[PDB]
Amino acid sequence: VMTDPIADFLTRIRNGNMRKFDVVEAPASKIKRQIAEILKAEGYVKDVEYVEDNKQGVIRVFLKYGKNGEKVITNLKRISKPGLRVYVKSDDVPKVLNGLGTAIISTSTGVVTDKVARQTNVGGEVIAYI
Amino acid sequence: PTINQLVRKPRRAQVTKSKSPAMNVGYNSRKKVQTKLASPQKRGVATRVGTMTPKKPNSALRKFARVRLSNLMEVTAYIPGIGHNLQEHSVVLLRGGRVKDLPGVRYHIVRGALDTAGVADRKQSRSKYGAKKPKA
RNA sequence: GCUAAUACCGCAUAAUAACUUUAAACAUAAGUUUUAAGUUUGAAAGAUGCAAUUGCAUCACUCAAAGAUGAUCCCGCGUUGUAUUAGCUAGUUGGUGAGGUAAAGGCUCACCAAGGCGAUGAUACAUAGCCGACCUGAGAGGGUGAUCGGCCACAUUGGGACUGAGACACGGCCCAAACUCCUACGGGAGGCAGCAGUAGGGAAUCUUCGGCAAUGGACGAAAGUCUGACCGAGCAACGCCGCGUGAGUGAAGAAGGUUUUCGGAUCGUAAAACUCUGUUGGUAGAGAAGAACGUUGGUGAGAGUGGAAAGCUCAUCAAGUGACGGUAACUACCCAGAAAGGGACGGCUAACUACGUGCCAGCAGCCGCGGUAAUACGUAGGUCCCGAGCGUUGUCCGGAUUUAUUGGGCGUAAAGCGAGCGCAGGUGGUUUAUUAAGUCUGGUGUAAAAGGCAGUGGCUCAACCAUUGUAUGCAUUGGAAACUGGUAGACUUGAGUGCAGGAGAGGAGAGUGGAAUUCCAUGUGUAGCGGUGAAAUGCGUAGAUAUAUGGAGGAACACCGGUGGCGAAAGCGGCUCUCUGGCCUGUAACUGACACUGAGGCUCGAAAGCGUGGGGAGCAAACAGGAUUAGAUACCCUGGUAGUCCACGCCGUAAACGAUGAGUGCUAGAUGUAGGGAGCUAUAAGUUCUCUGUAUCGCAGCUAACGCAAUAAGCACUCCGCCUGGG
RNA sequence: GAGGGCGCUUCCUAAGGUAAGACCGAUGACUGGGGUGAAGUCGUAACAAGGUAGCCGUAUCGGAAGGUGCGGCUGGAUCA
RNA sequence: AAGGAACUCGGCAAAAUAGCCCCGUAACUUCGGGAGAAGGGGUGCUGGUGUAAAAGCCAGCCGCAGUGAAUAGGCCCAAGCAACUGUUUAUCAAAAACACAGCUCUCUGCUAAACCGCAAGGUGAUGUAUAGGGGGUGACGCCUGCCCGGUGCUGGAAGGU
Numbered sequence: 002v003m004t005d006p007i008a009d010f011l012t013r014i015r016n017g018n019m020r021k022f023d024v025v026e027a028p029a030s031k032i033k034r035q036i037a038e039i040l041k042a043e044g045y046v047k048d049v050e051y052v053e054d055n056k057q058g059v060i061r062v063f064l065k066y067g068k069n070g071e072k073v074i075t076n077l078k079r080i081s082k083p084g085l086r087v088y089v090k091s092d093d094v095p096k097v098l099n100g101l102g103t104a105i106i107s108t109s110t111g112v113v114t115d116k117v118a119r120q121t122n123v124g125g126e127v128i129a130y131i
Numbered sequence: 002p003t004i005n006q007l008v009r010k011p012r013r014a015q016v017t018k019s020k021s022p023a024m025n026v027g028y029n030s031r032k033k034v035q036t037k038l039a040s041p042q043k044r045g046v047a048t049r050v051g052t053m054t055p056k057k058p059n060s061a062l063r064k065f066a067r068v069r070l071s072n073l074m075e076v077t078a079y080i081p082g083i084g085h086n087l088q089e090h091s092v093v094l095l096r097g098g099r100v101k102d103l104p105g106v107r108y109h110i111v112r113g114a115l116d117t118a119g120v121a122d123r124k125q126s127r128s129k130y131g132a133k134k135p136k137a
């Protein structure tokens, strides 16, 4: 249902890249703008755009591929399910894929990255790895 | 696997059966359903070695002792080895042992016990079935 | 009868103790807090002494002035299983009063009020000392509570209660009971769950040993005293460590064993010899381990104690600090001489040939074996792993992800309720701001400890002990608005409600029509018809079937009818009415998240059957007759009861199916067909998009395979449910 | 005179009896099912369209495998 | 006394319990009952205070005894039969006998059938098949199997008589 646009959206990204196609979709939030923002900054998609007047505005996003439409994103998932707001510490925020994976956590400051979540002693909700 | 379902759910288990139903042996005060502090033996009694028919196609004949059990259980457990010296009203040790070829058993008998003699220099341990290291 | 008191006791003297007061800063439902008037009562006038500005030390009541210790109870937190552990509770639950207490407190008790708990587990039953800790698992954890430390509880059993500051008290009392002893029978006495030790019972004896120096406590001014606490000695290979019984040279297969295809092969560095050596022990034993501090006296310092006295504080010396004791250690080290065995060999994991066997006796955790040469067994040799321990079972952990939070599955292999609701409960479209509740940061609590990560010393070095840190929701308090929750706020962009469309076997009643079956008469004629592979079954000459008609009645309504529709399914098809849901197409007209669910509870619901009352054509359980064959209680035939149908109540179980839960999101296409919306193709034709439908193939994905795949067995999340090897 | 033990009844009251259970174990003439072993005997079923394919829920008749019937599904055939 | 049913075929008779209040109450059940189950307690008077509408309180006084006597259930377990209430031989027998609702079958379309009377007349009943008459059985629960040879009954007519 509508109750998880986060993993609905990341699952939809797995439809876009696993189906090897151009554009995925997302209604208008601020959190998903931070999703394509942070992960576009980490080089995984190629667009940040949404429908210009809608509270359900379609964030339609071109992807950042490999060399032949090749995947970059493989193990895409939401960590914290809607049945479990994952509340971890700040001091030993763990590594992902021995460093080969992303990490994005809504800390008390904001929703920051892996090592910025590690050594700044900021902690919050674990969201998504690759 | 909902929120309440995965909280109702324990790490439960149901297959829990130690192979020794045991009143070993024991502390005979008045009531003797004292349980369980099990031995690998019995300082008890049995009566008579009987002969057991083995399975198909095991053409043999094996020696089970008519095991006294005060807890309403099998009058049998296996006597290993060739021959036996015991008789009725003899204290009989109780190996925890099972043979698929021997039907209706749960236990064996410790041969090579205080009431057991044998012939040593056995190629397995020289000293079971009532034997020792040979003093010549 | 009387002493004595380092007993008692009246009785002024003690009042911030409690209250009696008078004002209030304070004060919080209660309230807490300074002073503003009146009350109880003390001693071992003791003690050793000292001596003296004739007064100075150890103490009990004077009793406070606090700390300190050790307790008290209340609350938060987690602290077993059985809902085949449902209704439970009578002082129960409130209020008032009183007694008590160290205290609020049905803490009790009186009186007056009737609540309260509980299906999100209360009571009742089993079971349990609990925790730190500790074994195993990489961890997650599982598991244990041994021994150590803390708390709790107990003292043959049960119950009271005094004392004591403190007990309802292992070695107090009193009562009872149960044993036992003595009794001249009239009476008395006791409880090793204290350390021993005895008898029970087993796997489970520490010894019926010393002293308190090495502390620990108790009094005593000190001395002293006692302590089965502790320290030690002795029992247990019961565990952990550490060394070893020989080492070095010298190996030929050597004598030697065994196999043996007659060769070769053991002894593998004592090896057959040779050279030595003292681990542990031989003996002589030198020493013999410091196990050790002052309390007792002196000196000197301080309070310098009206006083130096005396004494007290504590800065010195003298002074015993024993039990392991000639104790570990060390010299002389004696001779290789006193001092290694246990398990295992079919694999399963490394170690097979002589080998009586002959499925024989036996061996075994699994596969198993043994019936003629068995590396299975008995059997010797060689080997494979270990050691003062080996192996065996008894328990537990792991593997086992074998309840899969980490770390499951549900189409068939175990599984989606038989389907609907709309109770809790769960989950939440977007956005504005607050909130910091949760969430992250800082301070605060944390096991006395003991224990890990390190280090130190040491019984050597060992092992482990002693030490020293480190490492911790044990906690409470500042910040963070990024998420959730909440609080207020907004929009529709989900849902639904509007206005237009249609559609259907959607339900429920009220009726109607025809064909067809069977039967009532019936024309008028003769054995017929039945059934199969055939007939007997049978009926029928009482002459009929069959054919001519009209009537009667029940049932059901061929093409319509279809991978068609509707309905959650169950299911629904002559025709016509009655009132009747449910979608979809468009639509923002409108609410502004009203959403999804769904345990519980509720409803509906195949098929029969069961209740009452009808209707009773055809069909057909039950049964009969005839084949059938050995037989036929079956398939066939002849029949033929229940039953099938109608109103009227029930079961709640079906291959419920698609052995495929519900919600919604995503997306190669080839494809069906409905009915709309829109275009569309125009001088009538015929095409394209859109929605719910239901196929068929097949992209990706996909599984054990089979297969699924837009109405996913693909990729996600919320509600539920199942599932743990078989009988 | 106060007060005092005794003087002096009551309260709670430990145990014992009572009654009417409930729970739980042991126990039991005969007896229902199930499993095991023989290799007796009865039988053709279930398995191929396994000899009437079945498989369910249900009623009902058999010594028994089983049958008859209500309705449903292939986990069913020659291929209908 | 003491002892109890040992007497007897048999606790037969007597005994003993019972009132009122207040507790409490098993079994199965057709869910009402059982059941007054059982078993238990109290019960007199004096003053209070609360009893008058109203018990309970407090204390005391007493008592052998407190519905002081009279009057007023013995209970329980189990089985068979019958359901029950009713009725039943007065001059014997009260029951398992009868009856009874119930259930079953059969007969009767009306001037009923059936019945009474020679008939007439009348009942049946101002009744109309849910009614009337006869037969069985006797609630409720389960169930009612087989055999039409014979008998009777019904119906049919071919033939014999």
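As given, the protein sequences belong to chains AH and AL, one line each in that order.
Read in order, the letters of the first sequence correspond to residues 2 to 131 in the deposited numbering.
Read in order, the letters of the second sequence correspond to residues 2 to 137 in the deposited numbering.
Backbone N, C-alpha and C fix where the C-beta goes; we use that ideal spot for every residue, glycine too.
Cβ neighbours of residue i in the same chain (closer than 6 Å, five flanking residues each side left out)
i: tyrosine 130 of chain AL; result: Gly82, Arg112, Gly113 and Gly119
i: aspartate 5 of chain AH; result: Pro83
i: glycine 98 of chain AL; result: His109
i: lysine 72 of chain AH; result: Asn18
i: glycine 102 of chain AH; result: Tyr130 and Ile131
Straight-line Cα distance separating residue j from residue i
i: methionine 53 of chain AL; j: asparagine 5 of chain AL; result: 56 Å
i: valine 25 of chain AH; j: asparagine 69 of chain AH; result: 18 Å
i: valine 112 of chain AH; j: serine 21 of chain AL; result: 60 Å
i: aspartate 92 of chain AH; j: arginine 12 of chain AL; result: 31 Å
i: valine 106 of chain AL; j: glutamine 35 of chain AL; result: 23 Å
i: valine 46 of chain AH; j: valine 97 of chain AH; result: 20 Å
i: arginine 31 of chain AL; j: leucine 38 of chain AL; result: 17 Å
i: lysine 41 of chain AH; j: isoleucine 14 of chain AH; result: 13 Å
i: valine 46 of chain AL; j: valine 8 of chain AL; result: 51 Å
i: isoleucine 74 of chain AH; j: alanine 8 of chain AH; result: 14 Å
i: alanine 29 of chain AH; j: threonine 17 of chain AL; result: 55 Å
i: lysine 101 of chain AL; j: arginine 69 of chain AL; result: 22 Å
i: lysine 33 of chain AL; j: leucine 85 of chain AH; result: 53 Å
i: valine 89 of chain AH; j: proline 95 of chain AH; result: 10 Å
i: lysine 56 of chain AH; j: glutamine 35 of chain AH; result: 16 Å
i: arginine 123 of chain AL; j: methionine 74 of chain AL; result: 34 Å
Best match in the options for proximity to residue i [C-alpha to C-alpha]
i: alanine 37 of chain AH; options: AH/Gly125, AH/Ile105 and AH/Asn122; result: AH/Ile105
i: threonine 117 of chain AL; options: AL/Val34, AL/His85 and AL/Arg44; result: AL/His85
i: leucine 115 of chain AL; options: AL/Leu94, AL/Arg123 and AL/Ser126; result: AL/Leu94
i: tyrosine 66 of chain AH; options: AH/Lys96, AH/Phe22, AH/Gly100 and AH/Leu11; result: AH/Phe22
i: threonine 77 of chain AL; options: AL/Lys43, AL/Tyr108 and AL/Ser40; result: AL/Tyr108
i: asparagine 99 of chain AH; options: AH/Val89, AH/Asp115 and AH/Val52; result: AH/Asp115
i: residue 150 of chain AL; options: AL/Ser91, AL/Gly98, AL/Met74 and AL/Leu103; result: Shown here, chain AL extends from 2 to 137; a query on residue 150 of chain AL therefore has no answer.
i: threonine 121 of chain AH; options: AH/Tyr130, AH/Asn55 and AH/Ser109; result: AH/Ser109
Residues of its chain near residue i, where Cβ-Cβ distance is below 8 Å and the 5 sequence neighbours each way are ignored
i: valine 117 of chain AH; result: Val123
i: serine 81 of chain AH; result: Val87, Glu126, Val127 and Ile128
i: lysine 136 of chain AL; result: none
i: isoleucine 39 of chain AH; result: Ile105, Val112 and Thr114
i: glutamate 50 of chain AH; result: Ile60, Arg61 and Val62
Own chain, CB closer than 7 Å to residue i, minus 5 neighbours either side, in chain order
i: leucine 11 of chain AH; result: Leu77, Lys78, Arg79 and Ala129
Is it a yes or a no for the region 62-72 of chain AL touching the region 32-52 of chain AL, going by three-plus beta-carbon pairs under 8 Å?
-> Touching, yes, given that three or more Cβ pairs across the two stretches are closer than 8 Å.
Complete alpha helix (DSSP H) runs within the region 28-55 of chain AL (minimum length 4 residues, chain order) = Complete alpha helix (DSSP H) runs here, min 4: none at all.
4-residue-minimum alpha helix (DSSP H) runs that sit fully inside the region 92-129 of chain AH, ordered along the chain = Given a length threshold of 4 residues, each whole run of the alpha helix (DSSP H) inside the region 92-129 of chain AH is given here in chain order: 115-120.
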